[PDB]
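The file input06.cif contains mmCIF, C-alpha atoms:
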data_input
loop_
_atom_site.group_PDB
_atom_site.id
_atom_site.type_symbol
_atom_site.label_atom_id
_atom_site.label_comp_id
_atom_site.auth_asym_id
_atom_site.auth_seq_id
_atom_site.Cartn_x
_atom_site.Cartn_y
_atom_site.Cartn_z
ATOM 1 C CA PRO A 2 38.514 32.245 -79.551
ATOM 2 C CA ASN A 3 39.053 28.964 -77.695
ATOM 3 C CA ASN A 4 36.242 26.389 -77.891
ATOM 4 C CA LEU A 5 37.304 24.123 -75.024
ATOM 5 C CA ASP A 6 33.950 23.147 -73.514
ATOM 6 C CA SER A 7 34.597 19.538 -74.601
ATOM 7 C CA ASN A 8 37.527 19.372 -72.157
ATOM 8 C CA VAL A 9 35.214 19.316 -69.109
ATOM 9 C CA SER A 10 32.273 17.216 -67.952
ATOM 10 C CA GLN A 11 28.962 17.975 -66.255
ATOM 11 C CA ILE A 12 28.882 16.345 -62.814
ATOM 12 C CA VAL A 13 25.882 15.556 -60.603
ATOM 13 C CA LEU A 14 27.016 14.987 -57.032
ATOM 14 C CA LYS A 15 25.966 12.016 -54.903
ATOM 15 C CA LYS A 16 24.261 14.139 -52.253
ATOM 16 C CA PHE A 17 20.570 14.521 -51.424
ATOM 17 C CA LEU A 18 19.065 17.804 -50.279
ATOM 18 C CA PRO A 19 16.926 17.681 -47.117
ATOM 19 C CA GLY A 20 13.194 17.212 -47.485
ATOM 20 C CA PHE A 21 10.031 17.797 -45.481
ATOM 21 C CA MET A 22 8.715 15.688 -42.612
ATOM 22 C CA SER A 23 5.765 15.421 -40.231
ATOM 23 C CA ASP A 24 5.390 14.211 -36.640
ATOM 24 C CA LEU A 25 3.654 11.357 -34.820
ATOM 25 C CA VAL A 26 1.563 12.189 -31.756
ATOM 26 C CA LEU A 27 -1.823 10.473 -31.984
ATOM 27 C CA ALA A 28 -0.228 7.081 -32.664
ATOM 28 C CA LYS A 29 1.778 7.160 -29.427
ATOM 29 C CA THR A 30 -1.058 8.245 -27.123
ATOM 30 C CA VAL A 31 -3.736 5.721 -28.114
ATOM 31 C CA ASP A 32 -3.611 2.279 -26.516
ATOM 32 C CA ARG A 33 -2.257 -0.627 -28.549
ATOM 33 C CA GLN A 34 -2.130 -3.438 -25.977
ATOM 34 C CA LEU A 35 -5.787 -4.504 -26.003
ATOM 35 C CA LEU A 36 -6.096 -4.959 -29.776
ATOM 36 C CA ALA A 37 -2.570 -6.320 -30.313
ATOM 37 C CA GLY A 38 -2.452 -9.906 -31.547
ATOM 38 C CA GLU A 39 -6.207 -10.448 -31.340
ATOM 39 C CA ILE A 40 -7.659 -10.510 -34.881
ATOM 40 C CA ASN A 41 -6.450 -12.406 -37.947
ATOM 41 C CA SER A 42 -7.785 -12.146 -41.490
ATOM 42 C CA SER A 43 -7.989 -15.935 -41.799
ATOM 43 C CA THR A 44 -10.013 -16.214 -38.582
ATOM 44 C CA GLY A 45 -12.350 -13.382 -39.547
ATOM 45 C CA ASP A 46 -12.731 -9.637 -39.959
ATOM 46 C CA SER A 47 -13.964 -8.664 -36.487
ATOM 47 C CA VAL A 48 -13.114 -9.056 -32.802
ATOM 48 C CA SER A 49 -15.240 -7.971 -29.854
ATOM 49 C CA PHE A 50 -14.827 -6.601 -26.332
ATOM 50 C CA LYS A 51 -17.102 -6.781 -23.291
ATOM 51 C CA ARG A 52 -18.479 -3.628 -21.662
ATOM 52 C CA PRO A 53 -18.610 -3.322 -17.856
ATOM 53 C CA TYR B 319 -33.086 6.697 -20.930
ATOM 54 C CA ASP B 320 -34.541 3.272 -20.120
ATOM 55 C CA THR B 321 -37.647 3.182 -17.927
ATOM 56 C CA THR B 322 -37.355 -0.578 -17.306
ATOM 57 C CA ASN B 323 -33.560 -0.700 -16.766
ATOM 58 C CA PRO B 324 -32.661 2.463 -14.832
ATOM 59 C CA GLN B 325 -29.142 1.137 -14.222
ATOM 60 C CA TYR B 326 -27.906 2.241 -17.667
ATOM 61 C CA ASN B 327 -29.273 5.795 -17.810
ATOM 62 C CA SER B 328 -26.792 8.403 -19.032
ATOM 63 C CA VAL B 329 -29.076 11.418 -19.658
ATOM 64 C CA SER B 330 -31.571 13.283 -17.466
ATOM 65 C CA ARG B 331 -34.643 12.852 -19.677
ATOM 66 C CA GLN B 332 -35.837 11.271 -22.903
ATOM 67 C CA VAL B 333 -35.813 13.068 -26.261
ATOM 68 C CA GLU B 334 -39.476 13.560 -27.131
ATOM 69 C CA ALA B 335 -40.873 14.818 -30.426
ATOM 70 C CA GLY B 336 -40.635 18.541 -31.054
ATOM 71 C CA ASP B 337 -37.483 19.002 -28.983
ATOM 72 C CA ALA B 338 -35.348 21.848 -30.314
ATOM 73 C CA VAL B 339 -31.773 21.154 -31.432
ATOM 74 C CA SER B 340 -28.904 23.184 -32.846
ATOM 75 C CA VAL B 341 -25.679 22.567 -34.764
ATOM 76 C CA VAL B 342 -22.406 23.933 -33.398
ATOM 77 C CA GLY B 343 -20.401 25.977 -35.871
ATOM 78 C CA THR B 344 -21.009 28.113 -38.942
ATOM 79 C CA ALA B 345 -22.778 27.460 -42.242
ATOM 80 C CA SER B 346 -19.699 26.720 -44.357
ATOM 81 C CA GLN B 347 -16.718 27.329 -42.077
ATOM 82 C CA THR B 348 -13.652 25.123 -42.448
ATOM 83 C CA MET B 349 -11.039 24.591 -39.752
ATOM 84 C CA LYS B 350 -8.578 22.143 -38.221
ATOM 85 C CA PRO B 351 -10.256 20.591 -35.159
ATOM 86 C CA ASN B 352 -8.582 20.187 -31.796
ATOM 87 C CA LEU B 353 -8.863 16.841 -30.036
ATOM 88 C CA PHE B 354 -9.073 15.646 -26.441
ATOM 89 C CA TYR B 355 -9.683 12.092 -25.265
ATOM 90 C CA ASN B 356 -8.831 9.365 -22.755
ATOM 91 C CA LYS B 357 -6.415 6.454 -23.051
ATOM 92 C CA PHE B 358 -9.206 3.901 -23.592
ATOM 93 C CA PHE B 359 -11.196 5.918 -26.131
ATOM 94 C CA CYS B 360 -9.793 4.458 -29.367
ATOM 95 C CA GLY B 361 -7.461 1.587 -30.168
ATOM 96 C CA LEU B 362 -4.872 0.936 -32.853
ATOM 97 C CA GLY B 363 -3.376 -2.271 -34.212
ATOM 98 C CA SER B 364 -1.182 -3.348 -37.114
ATOM 99 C CA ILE B 365 -1.809 -6.896 -38.337
ATOM 100 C CA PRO B 366 1.368 -8.743 -39.393
ATOM 101 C CA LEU B 367 1.133 -10.023 -42.948
ATOM 102 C CA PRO B 368 2.573 -13.381 -44.052
ATOM 103 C CA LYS B 369 4.990 -14.242 -46.831
ATOM 104 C CA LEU B 370 3.990 -15.174 -50.371
ATOM 105 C CA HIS B 371 4.863 -18.468 -52.044
ATOM 106 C CA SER B 372 8.530 -18.294 -53.113
ATOM 107 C CA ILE B 373 9.001 -14.523 -53.247
ATOM 108 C CA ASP B 374 11.900 -12.734 -51.561
ATOM 109 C CA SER B 375 10.702 -10.635 -48.635
ATOM 110 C CA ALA B 376 11.918 -8.767 -45.560
ATOM 111 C CA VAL B 377 10.542 -6.698 -42.673
ATOM 112 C CA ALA B 378 11.300 -3.061 -41.836
ATOM 113 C CA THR B 379 10.641 -1.053 -38.676
ATOM 114 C CA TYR B 380 9.754 2.624 -38.288
ATOM 115 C CA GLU B 381 8.486 4.001 -34.949
ATOM 116 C CA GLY B 382 7.216 0.663 -33.700
ATOM 117 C CA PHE B 383 5.468 -0.117 -36.992
ATOM 118 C CA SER B 384 6.445 -3.149 -39.068
ATOM 119 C CA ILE B 385 6.152 -2.997 -42.861
ATOM 120 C CA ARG B 386 6.645 -6.015 -45.123
ATOM 121 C CA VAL B 387 8.537 -5.477 -48.388
ATOM 122 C CA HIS B 388 8.266 -7.868 -51.340
ATOM 123 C CA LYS B 389 10.670 -8.013 -54.291
ATOM 124 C CA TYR B 390 9.813 -9.788 -57.542
ATOM 125 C CA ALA B 391 10.085 -9.359 -61.298
ATOM 126 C CA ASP B 392 8.256 -9.935 -64.579
ATOM 127 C CA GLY B 393 9.920 -12.417 -66.912
ATOM 128 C CA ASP B 394 8.978 -11.681 -70.514
ATOM 129 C CA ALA B 395 8.849 -7.892 -70.136
ATOM 130 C CA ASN B 396 12.129 -7.891 -68.144
ATOM 131 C CA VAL B 397 10.951 -5.453 -65.461
ATOM 132 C CA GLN B 398 11.690 -5.464 -61.721
ATOM 133 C CA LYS B 399 9.327 -4.109 -59.067
ATOM 134 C CA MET B 400 8.822 -3.826 -55.301
ATOM 135 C CA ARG B 401 5.866 -3.299 -52.971
ATOM 136 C CA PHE B 402 5.291 -2.293 -49.340
ATOM 137 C CA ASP B 403 2.166 -3.237 -47.383
ATOM 138 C CA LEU B 404 0.530 -2.765 -43.985
ATOM 139 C CA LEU B 405 -2.822 -3.869 -42.558
ATOM 140 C CA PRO B 406 -4.449 -1.713 -39.841
ATOM 141 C CA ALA B 407 -7.516 -2.192 -37.620
ATOM 142 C CA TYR B 408 -9.511 0.196 -35.430
ATOM 143 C CA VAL B 409 -11.887 0.048 -32.465
ATOM 144 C CA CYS B 410 -14.002 2.564 -30.554
ATOM 145 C CA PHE B 411 -14.472 1.496 -26.938
ATOM 146 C CA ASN B 412 -16.618 4.279 -25.488
ATOM 147 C CA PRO B 413 -17.646 7.409 -27.435
ATOM 148 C CA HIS B 414 -18.340 9.246 -24.154
ATOM 149 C CA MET B 415 -14.590 9.537 -23.445
ATOM 150 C CA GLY B 416 -13.498 11.832 -26.261
ATOM 151 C CA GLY B 417 -14.457 14.640 -28.576
ATOM 152 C CA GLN B 418 -13.401 18.037 -29.892
ATOM 153 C CA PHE B 419 -12.682 21.128 -27.790
ATOM 154 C CA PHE B 420 -12.481 24.766 -28.898
ATOM 155 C CA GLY B 421 -11.947 28.079 -27.153
ATOM 156 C CA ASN B 422 -15.177 29.355 -25.639
ATOM 157 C CA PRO B 423 -16.211 33.042 -25.901
ATOM 158 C CA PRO C 204 14.039 10.353 -31.255
ATOM 159 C CA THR C 205 14.791 6.626 -31.366
ATOM 160 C CA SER C 206 15.316 4.849 -34.690
ATOM 161 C CA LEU C 207 15.852 1.092 -34.546
ATOM 162 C CA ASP C 208 17.367 -1.414 -36.946
ATOM 163 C CA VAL C 209 14.988 -3.468 -39.093
ATOM 164 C CA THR C 210 15.508 -7.166 -39.804
ATOM 165 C CA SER C 211 11.965 -8.475 -40.419
ATOM 166 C CA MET C 212 13.185 -11.723 -38.854
ATOM 167 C CA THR C 213 11.023 -12.587 -35.833
ATOM 168 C CA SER C 214 7.235 -12.474 -35.273
ATOM 169 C CA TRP C 215 7.265 -15.555 -37.540
ATOM 170 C CA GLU C 216 4.504 -17.514 -35.769
ATOM 171 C CA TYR C 217 4.780 -15.689 -32.445
ATOM 172 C CA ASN C 218 2.401 -13.295 -30.684
ATOM 173 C CA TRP C 219 3.778 -9.796 -30.062
ATOM 174 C CA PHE C 220 2.550 -7.238 -27.527
ATOM 175 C CA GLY C 221 5.521 -5.106 -26.436
ATOM 176 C CA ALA C 222 6.437 -2.304 -28.838
ATOM 177 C CA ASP C 223 8.827 -0.915 -26.182
ATOM 178 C CA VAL C 224 11.974 -2.541 -27.621
ATOM 179 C CA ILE C 225 14.620 -0.650 -29.610
ATOM 180 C CA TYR C 226 17.253 -2.614 -31.526
ATOM 181 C CA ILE C 227 20.830 -1.316 -31.282
ATOM 182 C CA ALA C 228 23.885 -3.025 -32.756
ATOM 183 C CA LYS C 229 27.629 -2.889 -32.125
ATOM 184 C CA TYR C 230 29.881 -2.660 -35.184
ATOM 185 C CA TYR C 231 33.427 -4.059 -35.287
ATOM 186 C CA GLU C 232 36.083 -3.162 -37.860
ATOM 187 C CA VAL C 233 39.703 -4.163 -38.429
ATOM 188 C CA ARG C 234 42.055 -1.711 -40.136
ATOM 189 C CA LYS C 235 45.686 -1.629 -41.227
ATOM 190 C CA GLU C 236 47.135 1.636 -39.928
ATOM 191 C CA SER C 237 50.545 3.287 -39.756
ATOM 192 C CA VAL C 238 51.934 3.729 -36.238
ATOM 193 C CA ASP C 239 55.286 5.136 -35.118
ATOM 194 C CA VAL C 240 57.204 2.963 -32.644
ATOM 195 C CA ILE C 241 59.722 4.610 -30.304
ATOM 196 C CA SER C 242 62.649 2.448 -29.175
ATOM 197 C CA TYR C 243 63.740 3.479 -25.684
ATOM 198 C CA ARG C 244 67.243 1.978 -25.532
ATOM 199 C CA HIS C 245 68.222 2.818 -21.954
ATOM 200 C CA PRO C 246 71.036 0.364 -21.080
ATOM 201 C CA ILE C 247 70.013 0.059 -17.416
ATOM 202 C CA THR C 248 67.782 -2.974 -16.727
ATOM 203 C CA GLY C 249 67.590 -4.175 -20.317
ATOM 204 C CA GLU C 250 68.227 -2.001 -23.373
ATOM 205 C CA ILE C 251 66.111 -3.102 -26.357
ATOM 206 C CA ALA C 252 62.567 -1.878 -25.665
ATOM 207 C CA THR C 253 60.211 -0.758 -28.442
#
Encoding of this model in structure tokens:
Amino acid sequence: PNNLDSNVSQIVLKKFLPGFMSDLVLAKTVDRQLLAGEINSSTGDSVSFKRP
Amino acid sequence: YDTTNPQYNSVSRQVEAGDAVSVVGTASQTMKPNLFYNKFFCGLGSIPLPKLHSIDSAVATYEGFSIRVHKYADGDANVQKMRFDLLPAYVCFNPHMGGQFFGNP
Amino acid sequence: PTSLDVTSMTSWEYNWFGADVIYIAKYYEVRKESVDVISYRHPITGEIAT
């Protein structure tokens, strides 16, 4: 019998199998313009809007 | 239902004592709710965070969202580490412009 | 869908309101390649032409 398992090496390829993913819907639909660039942690923790 | 400021009424009559109410649903049902709303129902914002004092940093982008990454290390223990952060904020303009909808019988 | 490059460069003391910008870049490379040159040596109106 030939014991020649020390003549080869175990190789792990540099490839990644695909994973799972979700989708973004609610983020796109809501409005971001009114609240953008309006509150800063240094200034405070709250900003206000006026009702009609 | 304001009797001195009728301009801001939004309901036909006041809720007096003894008025009967009910809760929509089942005793212990669980489900995934459907949603319907208007553009100006809720608002979303991502506050940009500033750098730290003498720590390497960079900014990444992923669907219009900016995330700040910080890289630093511990000296004596000889360990390297990273961190990603984001700071959100929420508003609710008018609750009367959104809710949950389900198939009626 | 659109995926944009990230630099984390701007917004450094500047107000931002328009999330409708996608960052695309052009990439230039220089390579050394093997090409075969054909020498048309027609005598009429000059001969040496590679």
Exercise. Pull out every residue of chain A that has at least one atom within 8 Å of chain C, counting all atoms listed in the file, and report them as a PyMOL selection string.
Key: chain A and resi 34+37-38
- Task: List the residues selected by the PyMOL selection byres ((chain A) within 12 of (chain B)) in the file shown, writing them as a count of residues only.
- Result: 28
Specify as a PDB file with C-alpha atoms, keeping the file's coordinate frame each residue included when the PyMOL selection byres ((chain B) within 6 of (chain C)) is applied to this file.
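Produced file part-v6.pdb, reproduced below:
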ATOM      1  CA  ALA B 376      11.918  -8.767 -45.560  1.00  0.00           C
ATOM      2  CA  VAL B 377      10.542  -6.698 -42.673  1.00  0.00           C
ATOM      3  CA  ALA B 378      11.300  -3.061 -41.836  1.00  0.00           C
ATOM      4  CA  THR B 379      10.641  -1.053 -38.676  1.00  0.00           C
ATOM      5  CA  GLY B 382       7.216   0.663 -33.700  1.00  0.00           C
TER       6      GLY B 382
END
Give me, please, the distance in Å between CA of residue 348 in chain B and CA of residue 422 in chain B, quoted to one decimal.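 These two atoms are separated by 17.4 Å.
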Residue neighbourhood residue 329 in chain B, 10 Å, all atoms listed in the file, exclusion window fewer than 3 positions, as a ChimeraX atom specification:
/B:319-320,326,332-333
For range 18-30 of chain A, where the input has fewer atoms than it should, I would like N, CA and C atoms rebuilt and written as a JSON list (two decimals), keeping the file's coordinate frame.
[["chain", "number", "residue", "atom", "x", "y", "z"],
["A", 18, "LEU", "N", 19.50, 16.66, -51.06],
["A", 18, "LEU", "CA", 19.07, 17.80, -50.28],
["A", 18, "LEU", "C", 17.99, 17.38, -49.27],
["A", 19, "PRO", "N", 17.93, 18.04, -48.12],
["A", 19, "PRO", "CA", 16.93, 17.68, -47.12],
["A", 19, "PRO", "C", 15.51, 17.94, -47.61],
["A", 20, "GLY", "N", 14.58, 17.11, -47.13],
["A", 20, "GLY", "CA", 13.19, 17.21, -47.48],
["A", 20, "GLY", "C", 12.32, 17.67, -46.33],
["A", 21, "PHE", "N", 11.02, 17.43, -46.48],
["A", 21, "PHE", "CA", 10.03, 17.80, -45.48],
["A", 21, "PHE", "C", 9.61, 16.56, -44.69],
["A", 22, "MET", "N", 9.08, 16.79, -43.49],
["A", 22, "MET", "CA", 8.72, 15.69, -42.61],
["A", 22, "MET", "C", 7.59, 16.14, -41.69],
["A", 23, "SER", "N", 6.82, 15.16, -41.20],
["A", 23, "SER", "CA", 5.76, 15.42, -40.23],
["A", 23, "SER", "C", 6.08, 14.72, -38.92],
["A", 24, "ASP", "N", 5.14, 14.75, -37.97],
["A", 24, "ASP", "CA", 5.39, 14.21, -36.64],
["A", 24, "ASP", "C", 4.26, 13.27, -36.24],
["A", 25, "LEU", "N", 4.58, 12.37, -35.31],
["A", 25, "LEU", "CA", 3.65, 11.36, -34.82],
["A", 25, "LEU", "C", 3.30, 11.67, -33.37],
["A", 26, "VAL", "N", 2.02, 11.93, -33.11],
["A", 26, "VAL", "CA", 1.56, 12.19, -31.76],
["A", 26, "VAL", "C", 0.40, 11.26, -31.42],
["A", 27, "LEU", "N", -0.62, 11.25, -32.28],
["A", 27, "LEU", "CA", -1.82, 10.47, -31.98],
["A", 27, "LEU", "C", -1.52, 8.98, -31.90],
["A", 28, "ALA", "N", -0.56, 8.50, -32.68],
["A", 28, "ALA", "CA", -0.23, 7.08, -32.66],
["A", 28, "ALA", "C", 0.34, 6.66, -31.31],
["A", 29, "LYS", "N", 1.16, 7.51, -30.70],
["A", 29, "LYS", "CA", 1.78, 7.16, -29.43],
["A", 29, "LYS", "C", 0.77, 7.15, -28.28],
["A", 30, "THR", "N", -0.18, 8.08, -28.28],
["A", 30, "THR", "CA", -1.06, 8.24, -27.12],
["A", 30, "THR", "C", -2.10, 7.14, -27.02]]
